[PDB]
Structures are given as C-alpha cells and as structure tokens.
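Spelled out from the first residue to the last, the chains are:
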Amino acid sequence: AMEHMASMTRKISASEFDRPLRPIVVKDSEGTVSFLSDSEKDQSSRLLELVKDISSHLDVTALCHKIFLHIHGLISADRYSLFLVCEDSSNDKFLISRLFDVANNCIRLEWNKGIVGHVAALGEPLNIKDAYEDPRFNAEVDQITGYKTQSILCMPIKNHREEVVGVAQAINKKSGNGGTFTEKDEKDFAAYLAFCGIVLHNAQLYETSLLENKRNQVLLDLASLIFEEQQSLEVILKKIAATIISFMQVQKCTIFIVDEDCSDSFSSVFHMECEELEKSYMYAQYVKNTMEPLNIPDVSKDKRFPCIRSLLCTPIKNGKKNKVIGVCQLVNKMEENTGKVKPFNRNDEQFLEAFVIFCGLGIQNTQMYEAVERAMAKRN
Amino acid sequence: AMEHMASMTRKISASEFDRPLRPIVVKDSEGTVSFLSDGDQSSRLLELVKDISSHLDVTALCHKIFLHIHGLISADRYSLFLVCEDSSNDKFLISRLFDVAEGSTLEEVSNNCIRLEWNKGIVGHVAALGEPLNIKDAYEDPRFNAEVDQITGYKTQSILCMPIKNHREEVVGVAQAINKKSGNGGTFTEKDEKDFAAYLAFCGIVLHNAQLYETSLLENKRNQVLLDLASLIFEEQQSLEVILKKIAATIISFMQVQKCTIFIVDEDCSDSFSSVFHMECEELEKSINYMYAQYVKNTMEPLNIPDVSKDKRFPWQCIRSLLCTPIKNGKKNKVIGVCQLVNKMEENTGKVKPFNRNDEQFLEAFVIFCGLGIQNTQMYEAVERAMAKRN
C-alpha cells in the first residue's frame with residue numbers, strides 16, 4: 001500500500017535535510033555507484049565549571065539553552081541574545097535565533113545584514129559605546145517599541161579551525177556610573193565563547209550524523225515500497241510518483257520510460273499532480289540525450305523555449321548504469337511552509353540521484369515481467 | 001559481479017560493529033515494521049581542556065589524553081585504559097597506551113594491546129566500583145599482577161589508578177600513574193589525587209561524546225552496507241537460483257558463518273519445501289535436515305540457539321551455533337521461506353561462537369529485502385511457467 005506512506009511525512013520531509021551532507025553515493029571508474037560513502041570507522045575556576053556544564057551536550061537545542069543561561073551570569077546587561085550560524089545544501093549561510101530577550105518566535109538574519117550579521121561574516125567583535133552613532137545600527141525597532149539601545153557588545157563564536165558557528169550579544173550595560181562595556185567584559189565573554197564554538201561544532205557534527213542516518217532510513221523504507229510489487233509499471237510508477245511528490249515537496253512529477261525496442265523513443269508516460277490520481281514534453285528528451293540531471297531555477301531563462309517555473313529532471317539508468325531505462329521530472333520545488341516556488345538544490349539532487357537507483361532496478365525488473373506478459377498476448 | 005562484495009568487505013571490519021547498536025528496524029502501534037524511527041593550574045587545565053575538546057576521534061583523543069597525563073603529576077610511567085562494550089553487552093578495558101622501559105620496544109603501538117575483563121586486576125576493579133585507588137605498595141595489593149614486573153626487571157611500588165567518568169557518572173576509561181618521582185622516596189599526594197582527577201572529569205565527558213559520535217557513524221555505515229546489498233539482490237529477479245546464490249554469498253560474507261541454507265516454502269502445498277539452496281563458506285555454491293526449518297515456519301519467529309547440543313527443544317565439524325529466520329512476504333502475514341545460518345565465527349582466529357544481537361539486527365533487516373526479492377522472482381518464474389503451458 002501507500003498507507004505505509006501516511007506518516008512518512010509526519011517524521012520528515014526533505015527539508016529537515018537541507019544542509020551540507022556527505023555525498024549520498026560514490027561512483028567508480030566504470031560507474032558502479034556505491035552507498036558506502038566517507039570511509040568511516042576565581043575567574044578561571046568559574047569558567048571551568050561552565051565548560052564542564054556545556055560539554056556534555058551534543059543536542060544543539062539543549063546546548064543553546066545552556067549557553068544562553070550562562071551568558072547572563074557572565075557580563076551584566078539589560079538584554080541578551082544568541083545566534084546560530086546555519087547553512088543549507090547550497091552552502092548558503094544565515095543566522096538563526098530563538099533565544100533573544102524581548103523582556104514560539106524565531107529571528108532569521110541574512111549573512112551580512114546588521115551588527116550581528118556583520119560580526120558573523122567578519123569573525124570580528126564589536127564593542128559599541130553608543131549605538132546611535134554606528135552606521136551599522138538602525139533605530140526602527142527601538143522607536144517602535146520605546147526601548148533605547150545605548151551600548152552593544154557583539155562577539156563571534158568560533159570553532160577550533162576558527163570558523164564562525166554562531167554569535168552572541170549583550171545590549172545595555174547595567175551600571176551606576178553610567179558605564180560602557182569594559183575591556184574585562186570583552187575578555188571574559190570571548191573566553192567562554194571560545195569553548196562554546198568547539199562544543200557547538202561537535203553538536204553540529206553529531207546532528208549532521210544523525211541526519212545522514214535518517215536519510216538512509218528513508219531510502220531503505222522507499223526501497224521496501226518500490227520493490228514490494230514489480231509486476232506492472234502502472235502500479236510501480238504510481239508508487240514512485242506518489243512518494244516523491246510528498247517527500248520532495250514539488251507540484252508535479254513525471255516519469256518517462258524509454259522505448260524497449262528502438263532506443264530513441266518514449267514507449268510510456270506517467271504524471272501526477274500533487275493531490276491525487278490521473279495517469280496513463282521536451283525536458284526528458286534533453287536528459288535522455290545528455291544522460292545527466294537537469295536543474296533549471298527558472299524555466300523561462302534557458303535553452304528551451306517557453307507556471308512550470310523550476311525544474312529538476314533526473315535520468316533513470318539501468319542495472320549496469322549504461323543505457324537509460326527512463327527519466328524523471330519534478331517541477332516547482334516549493335518552500336512548503338508557504339507554497340512559494342523556488343529552485344532545486346544539491347540536497348534535492350542528492351536524494352533523487354539516490355531514489356533513481358532503486359527506481360532503475362524496480363522498473364527494469366517490471367519490464368522483464370511485462371515482456372513475458374506481452375509475448376503471451378501475441379498468442380492473441 | 002559479486003566483485004562488489006569483496007570490495008565492500010575490504011572497506012569493512014566486522015570487528016567494529018561489535019558494540020551496542022540501536023535496532024535497524026522498529027515497530028509502531030500494533031507492530032508495523034519500518035526503518036524510519038523516532039589559579040595557575042586552573043589556567044593550565046583550561047588549555048588542556050580546550051585542546052581535547054575538538055576531538056570526536058576516539059583514537060586521536062586517547063592519544064592526546066595520554067600525552068596530557070604525563071604533565072599532570074610526577075610519576076615514572078603512565079597508562080590509559082578505555083572501557084569497551086560489545087554487542088552482547090560484555091564490558092572490558094583495553095590499552096595500547098602503556099609506558100614501557102625506555103629502549104626496549106618495537107613500535108609503541110607495536111600491534112599490541114592489553115585487555116582486562118570487567119572486574120579483574122587493579123584497573124578492572126576500579127572500573128567496576130568507580131572509586132580511585134591510591135596505593136603505596138602494589139605488592140600488598142591482592143589484585144596486583146607482578147608477572148610484568150618480574151619478566152622485565154621493573155619494580156612497581158606506588159599506584160595512582162583513577163576512574164574516568166562521563167557526566168552521568170559512568171566509567172568510560174581508567175588512568176594510572178606508577179611510581180611517584182621523588183627525591184625523598186614518597187607516595188602520591190591527596191593533592192596529586194586531585195589534579196589527576198580534575199582533568200579526568202573533562203576527559204570522561206569528551207570521550208563519551210566521541211564514543212557516541214562513532215556509534216552514529218557505525219550506525220550509518222551499517223545502513224550504507226544494507227542499501228548496497230538491496231541493490232545487489234534486486235538487480236536480477238528472474239532466476240530463484242541466481243538471487244539465492246547472491247543472498248547466501250552475501251550472508252556468508254558479511255556475517256562470517258560457515259553455512260547458509262535458504263528453504264523456500266512450496267507455493268501450492270504451503271507446508272513442505274519446494275526448493276533448497278545451500279552454500280558453505282569455503283565458497284561452493286550448490287542446490288537434508290529440516291527440523292530447525294520446520295519449527296521456524298510453524299513458529300514464525302527467529303530461532304537463535306547458542307549451542308545446538310546444550311539445547312533442549314531439539315532432539316539432537318558438526319553444528320554448534322544456529323541463527324535461523326523466517327522470510328516473510330510483502331504484506332507481513334505469510335512465510336514463503338526460511339533462512340538458516342550455521343556457525344558464526346570469531347573474525348579469523350576462526351573460533352566458533354554464538355550469534356549475538358547485532359547478527360539478529362542485521363539478518364532481520366536483510367531478510368525483509370530477501371523476501372521482496374524472492375517473492376518477485378517467484379512471480380517471474382510463474383509467468384515463465386504460465387507460458388510454457390500455452391505455447
């Protein structure tokens with residue numbers, strides 16, 4: 001059945017996965033893909049306590065909650081926040097934050113935008129005496145909310161290779177004499193942070209690893225689908241079609257099956273819109289000829305001639321990876337929080353590159369079944 | 001070919017998967033099966049901690065920690081032991097990180113590795129209790145083994161042997177200093193006990209993290225193996241015999257058994273056996289005794305027998321260990337064949353041992369794909385028959 005595919009999508013869809021993953025397949029000289037990828041078998045004393053406390057966490061969430069807490073005790077200030085450098089499969093970085101004092105919700109900040117954006121992208125701290133005199137600052141929010149931002153201390157969090165993995169930020173030094181952020185404030189703050197980077201890195205490596213295995217589990221489940229019943233294309237291609245629309249979050253899928261007997265044609269065709277069933281034209285063509293996936297961000301901007309806005313189109317090769325059994329077409333990657341259409345990325349290629357392998361084997365065994373099938377109603 | 005398998009095998013050490021792993025599969029709600037789940041020291045201590053903290057590599061981390069404990073207290077030799085646990089859940093310490101007499105050794109790691117059972121020897125027993133030991137004379141210790149001393153002319157006097165714990169207070173290794181350096185012939189301080197321990201408390205956290213990370217890697221590599229095997233056996237589903245040879249070759253290879261036997265249930269008479277396929281590990285690849293098979297088909301549960309002779313349910317170089325498993329069809333309601341492994345082996349020493357949980361986990365997940373494959377191959381053979389009938 002599908003129903004195996006009911007709460008497939010309750011656990012996941014390919015967008016929890018949109019970060020840099022290890023390559024999902026490795027190819028050799030003569031083009032056997034394998035899945036075996038990456039060969040893989042007092043000041044000081046108060047700081048020691050804090051380190052001891054964070055180091056046990058490989059859950060990024062819990063480790064950020066703890067890092068938030070700590071920074072409160074560390075320099076004295078009105079409002080604190082913590083930012084976490086994220087990154088998707090295209091290697092596009094941004095900042096994220098659910099841990100900010102307002103004094104549920106989730107700030108997202110693009111790479112070089114802002115004070116924090118900037119200290120992020122530059123790996124350099126900002127101690128700002130008076131915000132209203134930094135070009136980089138901007139008082140919209142102060143004014144709207146009636147808060148006034150005097151002093152800022154905004155520090156990069158770095159891992160051991162000294163890459164920025166998030167950012168932390170104190171606003172408005174608590175002070176009698178009316179004071180700015182100290183030099184000792186800067187030092188104490190960076191000292192803590194230099195550890196958070198190393199721990200944060202590790203927690204990120206861990207989760208990436210968990211995510212890489214969750215991927216395998218998805219493929220393994222999808223195999224058990226596909227391979228369930230291999231006695232007719234119309235069935236199987238629907239299963240393939242059905243799943244992919246749901247995991248990949250696209251608007252339509254089309255599978256094209258090369259002619260058994262010529263070698264240049266399209267003996268058959270399937271198509272699903274992203275709700276249900278009606279089954280039974282150029283883009284395939286190119287792929288088949290090229291023997292290579294096709295990602296067009298916008299259709300109307302290429303070397304075809306022109307809704308169908310974003311396209312990814314994948315060759316279904318055969319047992320030996322040689323001929324091209326068939327071809328696979330997805331249109332309009334949506335960002336489906338929204339329904340907003342959107343280009344395909346490496347993540348999307350990787351996953352499909354992978355499912356196509358079983359698709360391959362599924363289809364080419366169905367065909368051999370249907371070829372007996374059809375040597376028997378020639379008795380007809 | 002199954003050249004592929006040789007190539008996988010070299011990239012894979014059986015030995016490494018011999019530790020507690022999560023199951024490859026999983027039931028949810030009525031049992032539907034599924035892969036998808038759900039002051040100036042304080043200053044120097046920080047520098048050391050900063051340094052170990054970047055290492056999710058257990059090897060490198062151990063190397064770094066060893067090096068570090070030299071600088072900790074003044075003692076003649078040191079060693080570092082690591083708690084391990086295997087698929088059966090038996091624990092034991094090991095060390096390739098042991099100080100020796102200066103100019104004596106081959107390489108340091110000269111291929112060579114102490115290994116103590118869980119609650120045995122000085123370090124064994126510290127592990128098991130989780131309390132440090134500060135002895136002034138090893139020779140007074142009932143658990144001291146003096147052979148090493150005797151064999152090598154070394155004289156061990158004082159030992160500081162201290163458990164390394166993770167944050168949940170589990171022991172993940174043990175570190176010891178032998179023979180306090182001394183211009184006046186001294187023991188190990190209360191103070192000594194306490195610098196050593198400060199540092200070890202971080203070590204246990206980092207190591208525990210590194211262990212966790214290497215488990216996920218191994219959990220992932222297992223699945224990679226499985227995806228590749230699915231590919232193999234789904235490649236050509238037209239000859240039962242083709243696909244069986246593959247299934248068996250595969251098992252014998254990745255599971256290190258002496259014999260594998262697939263019993264296919266007769267399709268019409270659903271309680272004899274149409275065909276039988278047997279491969280022995282010596283490689284040879286061919287097509288009498290049915291009782292384990294019959295049980296499983298009638299039971300429908302895996303059957304795991306640590307030693308066929310010492311076993312009571314079954315009227316009885318031979319046949320020691322048996323793992324043996326139903327193969328089920330697409331809908332998991334019916335049993336189309338059985339898979340029987342004989343004589344799990346220790347990785348070549350060759351010694352025979354029983355199947356553990358890691359073997360059931362793997363076989364359990366493999367035969368899901370075995371079934372799908374065998375059932376779709378029977379289909380193809382069916383129509384092939386159903387066309388030699390008419391034509």
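(A) Main features of the overall build of chain A. Broken down by element type, chain A carries eight helices and 13 strands. What you see for chain A is a C-alpha radius of gyration of 27 Å, clearly larger than the 21 Å of a compact globule of 380 residues, by over 25%. Expressed along its principal axes, the backbone C-alpha trace of chain A runs to roughly 100 × 45 × 40 Å. Within chain A, the proportion of its 380 residues that are buried is 51%. Carbon and sulfur atoms make up 49% of the accessible area of chain A, which totals about 18500 Å². Once the 45 positive and 53 negative side-chain charges of chain A are each reduced to a mean point, those two points are 1 Å apart.

(B) Spotlight on the nonpolar core. In terms of nonpolar packing, the biggest core is built from 101 residues, with B:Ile247 and B:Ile262 touching the most fellow members. Once residues within four sequence positions are removed from consideration, B:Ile262 is found in contact with B:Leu244, B:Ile247, B:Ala248, B:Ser275, B:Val276, B:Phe277, B:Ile327, B:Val338 and B:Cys339.

(C) How the structure looks around the domain arrangement of chain B. Residue and element names in this part refer to chain B. As assigned here, chain B comprises domain 1 (1–38 + 237–391) and domain 2 (39–236). Taking only C-alpha atoms, the centre of domain 1 and the centre of domain 2 are 40 Å apart. Listed by partner, the interface residues are 32 residues for domain 1 and 23 residues for domain 2. Between domain 1 and domain 2, roughly 2700 Å² of surface is buried when both sides are summed, and carbon and sulfur atoms account for 65% of that area.

(D) Local environment of the state of the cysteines. Residue and element names in this part refer to chain B. With the rule as written, the count across this model stands at zero disulfides over all chains. No disulfide involves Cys161; its sulfur sits 15 Å from the nearest other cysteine sulfur, which is in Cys203. The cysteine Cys339 is free of any disulfide, with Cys260 supplying the nearest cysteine sulfur at 4.3 Å. Residue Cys339 is classed as buried on the basis of its relative accessible area of 2%.

(E) Main features of a negative patch on the surface. Residue and element names in this part refer to chain A. A cluster of acidic residues, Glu273, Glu275, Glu276 and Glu278, forms a negative patch at the surface. With respect to the helices and strands, the residue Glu273 is situated in strand β10 (residues 266–273). The partly exposed category is assigned to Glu273, whose relative accessible area is 39%.

(F) Representation of the pairing of strand β9 (residues 252–258) of chain A within the structure. Residue and element names in this part refer to chain A. Of all seven residues in β9, seven are buried, a share of seventy percent or more. Residues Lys252, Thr254, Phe256 and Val258 line one face of β9 and the alternating positions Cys253, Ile255 and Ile257 line the opposite face, and both faces are buried. Where β9 and β10 come together, seven bridges link them in antiparallel fashion. Looking across to β10, one finds that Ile255 is bridged to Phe270. As defined by bridge partners, β9 adjoins strand β13 (residues 326–331) across six bridges and the pair is classed as antiparallel. What sits directly across from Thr254, in β13, is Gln329.

(G) Representation of the packing of aromatic side chains within the structure. Taken as a whole, this structure holds 18 aromatic pairs over all chains when the rule is applied. Judged by centre distance (5.9 Å) and plane angle (85°), the rings of A:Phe227 and A:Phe358 are edge-to-face. Per residue, the accessibility class of A:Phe227 equals that of A:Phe358, and both read buried. Residues B:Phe263 and B:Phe273 carry aromatic rings whose centres are separated by 5.5 Å and whose planes lie at 50° to one another, so their mutual orientation is tilted. Note that B:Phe263 is positioned in strand β9 (residues 257–265) and B:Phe273 in strand β10 (residues 273–280), a separation of 10 residues in sequence. Per residue, the accessibility class of B:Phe263 equals that of B:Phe273, and both read buried.

(H) Examining the environment of A:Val372 more closely. Note that A:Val372 resides in helix α8 (residues 346–376). Between the alpha carbons of A:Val372 and A:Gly362 there is a distance of 16 Å; along the sequence they are 10 residues apart. Residue contacts for A:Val372: discarding those within four places in its chain leaves B:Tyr380, B:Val383, B:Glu384 and B:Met387.

(I) Structural detail: the interface of chain B and chain A. Between chain B and chain A, the contact holds 63 residues from the first and 62 residues from the second. Interface area for chain B against chain A, summed over the two sides, is near 5900 Å², with a carbon-plus-sulfur share of 61%. Sorting the residues of chain B by area buried against chain A places B:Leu36, B:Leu46 and B:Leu227 first, and these three jointly supply 12% of that buried surface. In this structure, B:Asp38 engages A:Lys11 in a salt bridge whose closest nitrogen and oxygen atoms are separated by 3.9 Å. Applying the counting rule to chain B against chain A returns 16 residue pairs in polar contact. Counting only elements with at least two residues in the side of chain B that touches chain A, the list comes to α1 (3–10), β2 (32–34), α2 (41–52), α6 (192–233) and α9 (357–388) of chain B. No other element matches the 21 residues that α6(B) contributes to the side of chain B that touches chain A. Here the residues of the side of chain B that touches chain A sort into 27 nonpolar, 22 polar and 14 charged.

Conventions and cut-offs
Residues numbered from 1 in each chain as written, not as in the entry; some residues may be left out. Chains lettered and ligands numbered in written order. Heavy atoms only, no water. Helix = DSSP H or I, 4+ residues; strand = E, 2+ residues; numbered from the N terminus. Rg over C-alpha atoms; globule rule 2.2 N^0.38 Å. Buried < 20%, exposed > 50% of the residue type's maximum accessible area, 1.4 Å probe, protein only. Areas by Shrake-Rupley, 256 points an atom, 1.4 Å probe, with all protein chains shown as cover. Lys, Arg positive; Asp, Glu negative; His and termini not counted. Charge placed at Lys NZ, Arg CZ, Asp CG, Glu CD. Core = buried A, V, L, I, M, F, W, Y, C linked by side-chain atoms within 4.5 Å. Contact = heavy atoms within 4.5 Å. Domains from an automatic or database assignment. Buried area = accessible area lost by both parts, 1.4 Å probe. Disulfide = S-S within 2.5 Å. Patch = residues over 30% accessible without salt bridge, like charges linked within 9 Å, V, L, I, M, F, W, Y side chains within 5 Å. Salt bridge = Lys/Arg side-chain N within 4 Å of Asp/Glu carboxyl O. Pairing = 2+ DSSP bridges. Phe/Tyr/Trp six-rings, centres within 6.5 Å; stacked < 30°, edge-to-face > 60°. Polar contact = N/O pair within 3.5 Å; in protein donor to acceptor, adjacent residues only side chain to side chain. Nonpolar A, V, L, I, M, F, W, Y, C, P; charged D, E, K, R; others polar.

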